[PDB]
Amino acid sequence: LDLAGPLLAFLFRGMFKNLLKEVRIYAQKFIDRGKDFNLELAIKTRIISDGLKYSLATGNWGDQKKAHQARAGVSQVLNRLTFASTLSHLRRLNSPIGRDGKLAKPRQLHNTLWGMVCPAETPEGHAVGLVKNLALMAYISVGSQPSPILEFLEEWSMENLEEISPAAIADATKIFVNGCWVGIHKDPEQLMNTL
Amino acid sequence: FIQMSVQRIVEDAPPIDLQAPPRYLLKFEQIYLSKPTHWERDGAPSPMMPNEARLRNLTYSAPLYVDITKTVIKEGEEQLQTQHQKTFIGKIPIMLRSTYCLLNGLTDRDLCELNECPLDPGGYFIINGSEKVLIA
Amino acid sequence: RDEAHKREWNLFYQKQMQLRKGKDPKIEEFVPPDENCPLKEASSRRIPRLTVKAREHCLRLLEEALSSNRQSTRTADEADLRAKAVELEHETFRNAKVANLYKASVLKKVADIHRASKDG
DNA sequence: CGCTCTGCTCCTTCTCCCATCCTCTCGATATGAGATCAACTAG
RNA sequence: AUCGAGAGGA
DNA sequence: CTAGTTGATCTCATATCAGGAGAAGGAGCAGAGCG
């Protein structure tokens, strides 16, 4: 689930790259003549300011020029009909599948929603099953660096992938950290207990 | 996003080297963030309260600054490294009741003094006076 | 699809057979049966690549099977043995149309007669 | 037996379509000089 | 006013 | 007749992934049929 953080990070990465590009162009058109340049005039703060403002104001997550390409419906206007409406709106989840599709599978209530997503709250119209709401005690992780975990695993009896020979993989336990196969272990039970 | 993602994005950006001979570096190193504020035409730095942003149709945003180092090398590897501190690069809309909102850690009495509802949960932005919520 | 693959497979097959077959078919002339042959229609060439001598050997096996059946059941007449064996061989030739199938049918008949003899 | 004439299936392209009606909010989206002509505007 | 978007109603 | 005034009009000049379905074309092979 991409919350406000990652979405704004995507937008800001794009905007900062554009800002650097504009600074590059402005500096080039000055250094082509030998004369120095003032980076104060090379920085278009409007780039970041207006990009973030536009994306939050219209809900089109992307550049204003590629509005047709951008996904819409992000950044909706907060509902204030009643307090429960506001609370529900602040805990809303969206599947970008596309309401036009007629396959029932993505709209079905999967078993794994237990305790994570409310099984009752969902719009009854064209978006049934695609717009969801968090269960009361559900939480979404913000992420953390795996470096301490990798250091501990190395300190433990885990063997790096380059060192071990391929013959030792068969009976050992592969260890994945954030999808990276980082080594193997011979005593998975004790390792799980320790972790 | 404010604590880590912005700085990580800025640092991950490759420095730009330009050729016309003289060469430039233009490296960004660290970022600063102020609290939401409004400047009138006189330039007095007043704090923008969320209710004022709602009523005057303002954007509740904070200015973002970054330190920039510029170096120039022409001949004989002479280093002209110069630094521009607190360079303004844009404004970041601030989510209400977050760590960097003016309402952070205010008592119910303080919130009512600001014409804010204590029961208001926050978690949204004010863009041109309009309350905006990001859908996961 | 499957029809396209069936024709392509056939194209792959015939050329391999040609590679595995002689430029010209060394036709081994059909051996004419001896006048003492007790095989009905011994001069027929209905079943390709089948020799009269093979039919004689099969009839000999049938004779042995019939002898076993007789000695187990104590059959009285002997001329019936030869006539019955010849009739069985002729029936097998009339039914089958390929050498291997003919031999398999004859062996099946031999097994049937052996089982009947075992039964008594 | 070379060469042509279909013709047969098959893969590729491409173009079309995807209920009705209704409410609301919200964001974005020059100027004059000279020439020509024609109507006067009178002599 | 136009366009688009979104949220809704039956 | 016959020159002078009055308006309109044109030119020119000045900077700086979780569609699908069907119909039309072309492709390559396969064979038939006749010189």
# chains A, B, ... in the order shown; residues from 1 in each chain; ligands from 1
>>> residues_around(residues="residue 10 (chain E)", least_positions_apart="4", cutoff="12 Å", atoms="only C-alpha atoms (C1' of nucleotides)", output="VMD selection string")
(chain A and resid 125) or (chain D and resid 20 to 23)
>>> residues_around(residues="region 64-67 of chain C", least_positions_apart="3", cutoff="12 Å", atoms="only C-alpha atoms (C1' of nucleotides)", output="PDB file with N, CA, C and O atoms, in the first residue's frame")
ATOM      1  N   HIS C  57       6.502 -72.809 -40.515  1.00  0.00           N
ATOM      2  CA  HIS C  57       6.950 -72.849 -39.128  1.00  0.00           C
ATOM      3  C   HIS C  57       5.788 -72.606 -38.172  1.00  0.00           C
ATOM      4  O   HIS C  57       5.662 -73.279 -37.138  1.00  0.00           O
ATOM      5  N   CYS C  58       4.925 -71.647 -38.505  1.00  0.00           N
ATOM      6  CA  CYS C  58       3.755 -71.385 -37.675  1.00  0.00           C
ATOM      7  C   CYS C  58       2.832 -72.595 -37.633  1.00  0.00           C
ATOM      8  O   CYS C  58       2.281 -72.932 -36.580  1.00  0.00           O
ATOM      9  N   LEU C  59       2.646 -73.259 -38.774  1.00  0.00           N
ATOM     10  CA  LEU C  59       1.819 -74.456 -38.802  1.00  0.00           C
ATOM     11  C   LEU C  59       2.451 -75.570 -37.980  1.00  0.00           C
ATOM     12  O   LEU C  59       1.747 -76.372 -37.364  1.00  0.00           O
ATOM     13  N   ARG C  60       3.782 -75.642 -37.968  1.00  0.00           N
ATOM     14  CA  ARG C  60       4.465 -76.614 -37.121  1.00  0.00           C
ATOM     15  C   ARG C  60       4.195 -76.330 -35.648  1.00  0.00           C
ATOM     16  O   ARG C  60       3.948 -77.247 -34.854  1.00  0.00           O
ATOM     17  N   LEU C  61       4.241 -75.052 -35.266  1.00  0.00           N
ATOM     18  CA  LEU C  61       3.901 -74.687 -33.894  1.00  0.00           C
ATOM     19  C   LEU C  61       2.458 -75.058 -33.575  1.00  0.00           C
ATOM     20  O   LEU C  61       2.157 -75.546 -32.478  1.00  0.00           O
ATOM     21  N   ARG C  70      -4.146 -82.852 -27.615  1.00  0.00           N
ATOM     22  CA  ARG C  70      -4.610 -84.225 -27.776  1.00  0.00           C
ATOM     23  C   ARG C  70      -4.093 -85.113 -26.653  1.00  0.00           C
ATOM     24  O   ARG C  70      -4.861 -85.852 -26.028  1.00  0.00           O
ATOM     25  N   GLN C  71      -2.787 -85.052 -26.376  1.00  0.00           N
ATOM     26  CA  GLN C  71      -2.227 -85.911 -25.338  1.00  0.00           C
ATOM     27  C   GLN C  71      -2.789 -85.566 -23.965  1.00  0.00           C
ATOM     28  O   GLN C  71      -2.939 -86.457 -23.120  1.00  0.00           O
ATOM     29  N   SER C  72      -3.107 -84.294 -23.717  1.00  0.00           N
ATOM     30  CA  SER C  72      -3.740 -83.937 -22.451  1.00  0.00           C
ATOM     31  C   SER C  72      -5.172 -84.457 -22.390  1.00  0.00           C
ATOM     32  O   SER C  72      -5.594 -85.024 -21.376  1.00  0.00           O
ATOM     33  N   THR C  73      -5.931 -84.272 -23.468  1.00  0.00           N
ATOM     34  CA  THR C  73      -7.317 -84.717 -23.537  1.00  0.00           C
ATOM     35  C   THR C  73      -7.472 -86.099 -24.158  1.00  0.00           C
ATOM     36  O   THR C  73      -8.588 -86.625 -24.189  1.00  0.00           O
ATOM     37  N   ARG C  74      -6.384 -86.700 -24.643  1.00  0.00           N
ATOM     38  CA  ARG C  74      -6.425 -88.028 -25.253  1.00  0.00           C
ATOM     39  C   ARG C  74      -7.368 -88.051 -26.456  1.00  0.00           C
ATOM     40  O   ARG C  74      -8.294 -88.858 -26.534  1.00  0.00           O
ATOM     41  N   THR C  75      -7.123 -87.148 -27.403  1.00  0.00           N
ATOM     42  CA  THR C  75      -7.893 -87.146 -28.638  1.00  0.00           C
ATOM     43  C   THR C  75      -7.611 -88.418 -29.429  1.00  0.00           C
ATOM     44  O   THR C  75      -6.480 -88.913 -29.461  1.00  0.00           O
ATOM     45  N   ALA C  76      -8.651 -88.950 -30.073  1.00  0.00           N
ATOM     46  CA  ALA C  76      -8.531 -90.237 -30.751  1.00  0.00           C
ATOM     47  C   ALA C  76      -7.906 -90.088 -32.134  1.00  0.00           C
ATOM     48  O   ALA C  76      -6.837 -90.643 -32.408  1.00  0.00           O
ATOM     49  N   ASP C  77      -8.560 -89.340 -33.019  1.00  0.00           N
ATOM     50  CA  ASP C  77      -8.125 -89.253 -34.406  1.00  0.00           C
ATOM     51  C   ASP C  77      -6.844 -88.437 -34.531  1.00  0.00           C
ATOM     52  O   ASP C  77      -6.571 -87.534 -33.737  1.00  0.00           O
ATOM     53  N   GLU C  78      -6.054 -88.774 -35.553  1.00  0.00           N
ATOM     54  CA  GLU C  78      -4.813 -88.075 -35.864  1.00  0.00           C
ATOM     55  C   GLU C  78      -4.929 -87.199 -37.103  1.00  0.00           C
ATOM     56  O   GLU C  78      -4.367 -86.099 -37.131  1.00  0.00           O
ATOM     57  N   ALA C  79      -5.647 -87.659 -38.131  1.00  0.00           N
ATOM     58  CA  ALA C  79      -5.789 -86.865 -39.347  1.00  0.00           C
ATOM     59  C   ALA C  79      -6.402 -85.503 -39.041  1.00  0.00           C
ATOM     60  O   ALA C  79      -6.049 -84.499 -39.674  1.00  0.00           O
ATOM     61  N   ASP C  80      -7.323 -85.449 -38.077  1.00  0.00           N
ATOM     62  CA  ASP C  80      -7.906 -84.171 -37.690  1.00  0.00           C
ATOM     63  C   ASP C  80      -6.837 -83.192 -37.226  1.00  0.00           C
ATOM     64  O   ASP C  80      -6.971 -81.980 -37.439  1.00  0.00           O
ATOM     65  N   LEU C  81      -5.775 -83.692 -36.593  1.00  0.00           N
ATOM     66  CA  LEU C  81      -4.714 -82.811 -36.117  1.00  0.00           C
ATOM     67  C   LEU C  81      -4.128 -81.994 -37.261  1.00  0.00           C
ATOM     68  O   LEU C  81      -4.058 -80.764 -37.188  1.00  0.00           O
ATOM     69  N   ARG C  82      -3.711 -82.667 -38.335  1.00  0.00           N
ATOM     70  CA  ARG C  82      -3.146 -81.950 -39.473  1.00  0.00           C
ATOM     71  C   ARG C  82      -4.187 -81.053 -40.130  1.00  0.00           C
ATOM     72  O   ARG C  82      -3.902 -79.894 -40.454  1.00  0.00           O
ATOM     73  N   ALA C  83      -5.401 -81.572 -40.332  1.00  0.00           N
ATOM     74  CA  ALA C  83      -6.447 -80.768 -40.950  1.00  0.00           C
ATOM     75  C   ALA C  83      -6.790 -79.562 -40.087  1.00  0.00           C
ATOM     76  O   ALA C  83      -6.955 -78.449 -40.600  1.00  0.00           O
ATOM     77  N   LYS C  84      -6.899 -79.761 -38.771  1.00  0.00           N
ATOM     78  CA  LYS C  84      -7.217 -78.649 -37.884  1.00  0.00           C
ATOM     79  C   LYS C  84      -6.107 -77.607 -37.885  1.00  0.00           C
ATOM     80  O   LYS C  84      -6.383 -76.400 -37.902  1.00  0.00           O
ATOM     81  N   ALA C  85      -4.847 -78.044 -37.864  1.00  0.00           N
ATOM     82  CA  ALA C  85      -3.742 -77.092 -37.905  1.00  0.00           C
ATOM     83  C   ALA C  85      -3.750 -76.299 -39.205  1.00  0.00           C
ATOM     84  O   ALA C  85      -3.564 -75.075 -39.197  1.00  0.00           O
ATOM     85  N   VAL C  86      -3.961 -76.979 -40.333  1.00  0.00           N
ATOM     86  CA  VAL C  86      -3.989 -76.287 -41.616  1.00  0.00           C
ATOM     87  C   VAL C  86      -5.142 -75.295 -41.658  1.00  0.00           C
ATOM     88  O   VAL C  86      -5.000 -74.176 -42.164  1.00  0.00           O
ATOM     89  N   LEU C  88      -6.543 -73.771 -39.085  1.00  0.00           N
ATOM     90  CA  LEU C  88      -6.204 -72.643 -38.223  1.00  0.00           C
ATOM     91  C   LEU C  88      -5.250 -71.692 -38.928  1.00  0.00           C
ATOM     92  O   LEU C  88      -5.425 -70.467 -38.886  1.00  0.00           O
ATOM     93  N   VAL C 106      -1.226 -65.927 -34.407  1.00  0.00           N
ATOM     94  CA  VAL C 106      -0.910 -67.348 -34.310  1.00  0.00           C
ATOM     95  C   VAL C 106      -0.430 -67.690 -32.906  1.00  0.00           C
ATOM     96  O   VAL C 106      -0.814 -68.717 -32.336  1.00  0.00           O
ATOM     97  N   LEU C 107       0.424 -66.842 -32.334  1.00  0.00           N
ATOM     98  CA  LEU C 107       0.901 -67.092 -30.979  1.00  0.00           C
ATOM     99  C   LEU C 107      -0.247 -67.043 -29.981  1.00  0.00           C
ATOM    100  O   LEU C 107      -0.288 -67.827 -29.026  1.00  0.00           O
ATOM    101  N   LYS C 108      -1.185 -66.116 -30.178  1.00  0.00           N
ATOM    102  CA  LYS C 108      -2.354 -66.053 -29.307  1.00  0.00           C
ATOM    103  C   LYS C 108      -3.171 -67.331 -29.403  1.00  0.00           C
ATOM    104  O   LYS C 108      -3.633 -67.861 -28.386  1.00  0.00           O
ATOM    105  N   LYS C 109      -3.363 -67.842 -30.620  1.00  0.00           N
ATOM    106  CA  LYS C 109      -4.074 -69.106 -30.784  1.00  0.00           C
ATOM    107  C   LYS C 109      -3.339 -70.237 -30.080  1.00  0.00           C
ATOM    108  O   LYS C 109      -3.962 -71.103 -29.453  1.00  0.00           O
ATOM    109  N   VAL C 110      -2.010 -70.254 -30.189  1.00  0.00           N
ATOM    110  CA  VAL C 110      -1.218 -71.279 -29.517  1.00  0.00           C
ATOM    111  C   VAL C 110      -1.426 -71.204 -28.012  1.00  0.00           C
ATOM    112  O   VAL C 110      -1.599 -72.225 -27.339  1.00  0.00           O
ATOM    113  N   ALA C 111      -1.406 -69.989 -27.461  1.00  0.00           N
ATOM    114  CA  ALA C 111      -1.633 -69.826 -26.030  1.00  0.00           C
ATOM    115  C   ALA C 111      -3.030 -70.287 -25.643  1.00  0.00           C
ATOM    116  O   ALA C 111      -3.219 -70.905 -24.588  1.00  0.00           O
ATOM    117  N   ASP C 112      -4.026 -69.989 -26.479  1.00  0.00           N
ATOM    118  CA  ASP C 112      -5.388 -70.422 -26.191  1.00  0.00           C
ATOM    119  C   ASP C 112      -5.477 -71.942 -26.147  1.00  0.00           C
ATOM    120  O   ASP C 112      -6.095 -72.516 -25.243  1.00  0.00           O
ATOM    121  N   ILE C 113      -4.862 -72.610 -27.124  1.00  0.00           N
ATOM    122  CA  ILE C 113      -4.898 -74.069 -27.155  1.00  0.00           C
ATOM    123  C   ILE C 113      -4.146 -74.641 -25.960  1.00  0.00           C
ATOM    124  O   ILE C 113      -4.555 -75.650 -25.375  1.00  0.00           O
ATOM    125  N   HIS C 114      -3.036 -74.008 -25.581  1.00  0.00           N
ATOM    126  CA  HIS C 114      -2.286 -74.463 -24.414  1.00  0.00           C
ATOM    127  C   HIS C 114      -3.128 -74.352 -23.151  1.00  0.00           C
ATOM    128  O   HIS C 114      -3.154 -75.269 -22.320  1.00  0.00           O
ATOM    129  N   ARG C 115      -3.833 -73.229 -22.990  1.00  0.00           N
ATOM    130  CA  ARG C 115      -4.694 -73.056 -21.827  1.00  0.00           C
ATOM    131  C   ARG C 115      -5.832 -74.067 -21.831  1.00  0.00           C
ATOM    132  O   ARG C 115      -6.190 -74.612 -20.781  1.00  0.00           O
ATOM    133  N   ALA C 116      -6.421 -74.324 -23.001  1.00  0.00           N
ATOM    134  CA  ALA C 116      -7.486 -75.317 -23.088  1.00  0.00           C
ATOM    135  C   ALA C 116      -6.973 -76.701 -22.710  1.00  0.00           C
ATOM    136  O   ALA C 116      -7.650 -77.450 -21.996  1.00  0.00           O
ATOM    137  N   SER C 117      -5.777 -77.054 -23.180  1.00  0.00           N
ATOM    138  CA  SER C 117      -5.174 -78.329 -22.807  1.00  0.00           C
ATOM    139  C   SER C 117      -4.950 -78.400 -21.304  1.00  0.00           C
ATOM    140  O   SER C 117      -5.209 -79.431 -20.671  1.00  0.00           O
ATOM    141  N   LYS C 118      -4.467 -77.306 -20.711  1.00  0.00           N
ATOM    142  CA  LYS C 118      -4.290 -77.267 -19.265  1.00  0.00           C
ATOM    143  C   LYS C 118      -5.616 -77.492 -18.550  1.00  0.00           C
ATOM    144  O   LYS C 118      -5.680 -78.226 -17.558  1.00  0.00           O
TER     145      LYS C 118
END
>>> interface_residues(of="chain E", to="chain A", cutoff="10 Å", atoms="only C-alpha atoms (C1' of nucleotides)", output="ChimeraX atom specification")
/E:4-8
>>> write_last_selection(atoms="N, CA and C atoms (P, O5', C5', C4', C3', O3' and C1' of nucleotides)", output="PDB file, in the first residue's frame")
ATOM      1  P     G E   4     -14.638  16.298 -21.749  1.00  0.00           P
ATOM      2  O5'   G E   4     -13.733  15.988 -20.478  1.00  0.00           O
ATOM      3  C5'   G E   4     -12.380  15.598 -20.639  1.00  0.00           C
ATOM      4  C4'   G E   4     -11.575  15.823 -19.387  1.00  0.00           C
ATOM      5  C3'   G E   4     -11.954  14.980 -18.186  1.00  0.00           C
ATOM      6  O3'   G E   4     -11.463  13.654 -18.259  1.00  0.00           O
ATOM      7  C1'   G E   4     -11.686  17.210 -17.504  1.00  0.00           C
ATOM      8  P     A E   5     -12.285  12.456 -17.578  1.00  0.00           P
ATOM      9  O5'   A E   5     -11.959  12.610 -16.032  1.00  0.00           O
ATOM     10  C5'   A E   5     -10.618  12.699 -15.584  1.00  0.00           C
ATOM     11  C4'   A E   5     -10.540  13.247 -14.186  1.00  0.00           C
ATOM     12  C3'   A E   5     -11.386  12.541 -13.150  1.00  0.00           C
ATOM     13  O3'   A E   5     -10.824  11.322 -12.710  1.00  0.00           O
ATOM     14  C1'   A E   5     -11.660  14.858 -12.913  1.00  0.00           C
ATOM     15  P     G E   6     -11.775  10.066 -12.411  1.00  0.00           P
ATOM     16  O5'   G E   6     -12.317  10.362 -10.950  1.00  0.00           O
ATOM     17  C5'   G E   6     -11.413  10.602  -9.890  1.00  0.00           C
ATOM     18  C4'   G E   6     -12.065  11.378  -8.784  1.00  0.00           C
ATOM     19  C3'   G E   6     -13.299  10.749  -8.185  1.00  0.00           C
ATOM     20  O3'   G E   6     -12.996   9.681  -7.313  1.00  0.00           O
ATOM     21  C1'   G E   6     -13.715  13.017  -8.571  1.00  0.00           C
ATOM     22  P     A E   7     -14.001   8.444  -7.170  1.00  0.00           P
ATOM     23  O5'   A E   7     -15.019   8.923  -6.053  1.00  0.00           O
ATOM     24  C5'   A E   7     -14.598   9.726  -4.965  1.00  0.00           C
ATOM     25  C4'   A E   7     -15.753  10.485  -4.382  1.00  0.00           C
ATOM     26  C3'   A E   7     -17.011   9.672  -4.192  1.00  0.00           C
ATOM     27  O3'   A E   7     -16.945   8.871  -3.031  1.00  0.00           O
ATOM     28  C1'   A E   7     -17.557  11.751  -5.169  1.00  0.00           C
ATOM     29  P     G E   8     -17.919   7.617  -2.875  1.00  0.00           P
ATOM     30  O5'   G E   8     -19.323   8.308  -2.622  1.00  0.00           O
ATOM     31  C5'   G E   8     -20.494   7.800  -3.218  1.00  0.00           C
ATOM     32  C4'   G E   8     -21.578   8.838  -3.245  1.00  0.00           C
ATOM     33  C3'   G E   8     -22.927   8.319  -3.686  1.00  0.00           C
ATOM     34  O3'   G E   8     -23.621   7.678  -2.637  1.00  0.00           O
ATOM     35  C1'   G E   8     -22.422  10.254  -4.908  1.00  0.00           C
TER      36        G E   8
END
>>> atom_distance(atom1="CA of residue 28 (chain C)", atom2="CA of residue 47 (chain C)")
14.8 Å
>>> residues_around(residues="region 70-80 of chain B", least_positions_apart="6", cutoff="6 Å", atoms="only C-alpha atoms (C1' of nucleotides)", output="list in words")
residues 21, 22, 23, 24, 25 and 26 of chain B
>>> write_last_selection(atoms="N, CA and C atoms", output="compact mmCIF listing (two decimals), in the first residue's frame")
# COMPACT_ATOMS: atom_id res chain seq x y z
N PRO B 21 39.46 23.76 -20.69
CA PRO B 21 38.23 24.52 -20.45
C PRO B 21 37.71 24.37 -19.02
N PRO B 22 36.82 25.26 -18.59
CA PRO B 22 36.30 25.19 -17.22
C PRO B 22 35.25 24.10 -17.06
N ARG B 23 35.23 23.50 -15.87
CA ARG B 23 34.28 22.46 -15.51
C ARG B 23 33.67 22.77 -14.15
N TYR B 24 32.40 22.40 -13.98
CA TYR B 24 31.64 22.70 -12.78
C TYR B 24 31.21 21.42 -12.08
N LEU B 25 30.83 21.55 -10.80
CA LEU B 25 30.40 20.41 -10.00
C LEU B 25 28.95 20.51 -9.56
N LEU B 26 28.55 21.56 -8.85
CA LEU B 26 27.16 21.80 -8.48
C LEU B 26 26.57 20.62 -7.70
>>> interface_residues(of="chain F", to="chain C", cutoff="12 Å", atoms="only C-alpha atoms (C1' of nucleotides)", output="PyMOL selection string")
chain F and resi 28-30
>>> write_last_selection(atoms="N, CA, C and O atoms (P, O5', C5', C4', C3', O3' and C1' of nucleotides)", output="JSON list (two decimals), in the first residue's frame")
[["chain", "number", "residue", "atom", "x", "y", "z"],
["F", 28, "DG", "P", 6.76, -15.76, -46.61],
["F", 28, "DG", "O5'", 6.33, -17.30, -46.48],
["F", 28, "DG", "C5'", 6.25, -17.89, -45.19],
["F", 28, "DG", "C4'", 5.79, -19.33, -45.29],
["F", 28, "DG", "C3'", 6.51, -20.17, -46.35],
["F", 28, "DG", "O3'", 6.69, -21.49, -45.87],
["F", 28, "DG", "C1'", 4.19, -20.12, -46.82],
["F", 29, "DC", "P", 7.41, -22.60, -46.78],
["F", 29, "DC", "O5'", 6.27, -23.71, -46.97],
["F", 29, "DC", "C5'", 5.54, -24.16, -45.83],
["F", 29, "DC", "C4'", 4.39, -25.06, -46.26],
["F", 29, "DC", "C3'", 4.76, -26.11, -47.30],
["F", 29, "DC", "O3'", 3.99, -27.28, -47.09],
["F", 29, "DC", "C1'", 3.12, -24.70, -48.19],
["F", 30, "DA", "P", 4.27, -28.60, -47.97],
["F", 30, "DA", "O5'", 3.08, -29.58, -47.55],
["F", 30, "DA", "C5'", 1.75, -29.10, -47.47],
["F", 30, "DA", "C4'", 1.02, -29.26, -48.80],
["F", 30, "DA", "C3'", 1.81, -30.02, -49.86],
["F", 30, "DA", "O3'", 1.49, -31.40, -49.80],
["F", 30, "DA", "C1'", 0.57, -28.14, -50.76]]
>>> atom_distance(atom1="CA of residue 9 (chain C)", atom2="CA of residue 25 (chain C)")
24.1 Å
>>> select_by_dssp(residues="region 3-195 of chain A", states="helix (DSSP H, G or I)", output="number ranges by chain")
A: 4-31, 39-42, 45-58, 83-89, 111-113, 147-155, 166-168, 188-194
>>> residues_around(residues="residue 17 (chain D)", least_positions_apart="4", cutoff="12 Å", atoms="only C-alpha atoms (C1' of nucleotides)", output="list in words")
residues 19, 20, 21 and 22 of chain F
>>> atom_distance(atom1="CA of residue 127 (chain A)", atom2="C1' of residue 18 (chain D)")
16.3 Å
